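Here's a solo chain for you in structure tokens, the form deposited in one PDB entry.
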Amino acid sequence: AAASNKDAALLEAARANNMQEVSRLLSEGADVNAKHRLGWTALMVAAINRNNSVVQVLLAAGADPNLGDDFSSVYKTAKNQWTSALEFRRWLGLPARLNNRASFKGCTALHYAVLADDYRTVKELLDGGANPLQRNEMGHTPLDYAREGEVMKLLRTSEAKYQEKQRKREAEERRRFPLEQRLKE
């Protein structure tokens, strides 16, 4: 049970913003990707907490930035279809009746950091390999949740660089590409 207990204690420490306990538990082999019964990982709850310090520690310990929230309850937001990103923000109480269903399933730490408009945590997650194009169950990217401002500007830049990196990784080997070939499929 020791291993299961370290996982559960790691999640409690992250939810409580206890950076010292998070670090201890990670060094003792707690599963950095463990999920709470409420659905979230330590990385996600650190993002909800706007704790960019704990986020950095988790990433340095190998946390997978692109795991999705397991919480699968669905809510009706009014008196179907997934609510829009703008109405999802409103439903969360943040600044700014057909599609009235809401779900957290699949939200990444980056979704939460952007919802919180937390530039420092957003930058940490992107620098640690978070995929800004990955969608949650409702089909929303983190950029869909951004307020205008520095987080939005950062995400636009990061989307372009992530797509560039992906295109370079998938690149096909070709020894020659004469200009005439641009005219042919």
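Residue indices: 1-based, along the sequence shown.
Asker: What number of deposited residues lacks coordinates in the span between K79 and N80: none, 1 to 3, 4 to 9, or 10 or more?
Answerer: 10 or more residues lack coordinates between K79 and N80.
Asker: I'd like to know the size of any gap between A96 and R97, counted in deposited residues with no coordinates: none, 1 to 3, 4 to 9, or 10 or more.
Answerer: 10 or more residues lack coordinates between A96 and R97.
Asker: Which is higher on mean Cα B factor in this entry, 55-63 or 32-40?
Answerer: Result: 55-63.
Asker: Mean CA temperature factor from the deposited coordinates, higher in 140-148 or in 45-53?
Answerer: In the deposited entry, the stretch with the higher C-alpha B-factor mean is 140-148.
Asker: Would the CA B-factor of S103 place it in the lowest, middle or highest third of its chain?
Answerer: For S103, whose C-alpha B-factor we compare with every modelled residue in the chain, the answer is the lowest third.
Asker: According to the PDB entry, is the CA B factor of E21 in the bottom, middle or top third of its chain, that is, lowest, middle or highest?
Answerer: Within its chain, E21 is a middle-third residue by C-alpha B-factor, going by the deposited values.
Asker: Once the chain's modelled residues are ordered by C-alpha B factor and cut into thirds, is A130 in the lowest, middle or highest one?
Answerer: Ranked within chain, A130 CA B lands in the lowest tercile.
Asker: If you rank the chain by CA B-factor, which third does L183 end up in: lowest, middle or highest?
Answerer: Middle third.
Asker: Within this chain's modelled residues, let me know which third the CA B factor of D118 belongs to: lowest, middle or highest.
Answerer: Bottom third by C-alpha B-factor.
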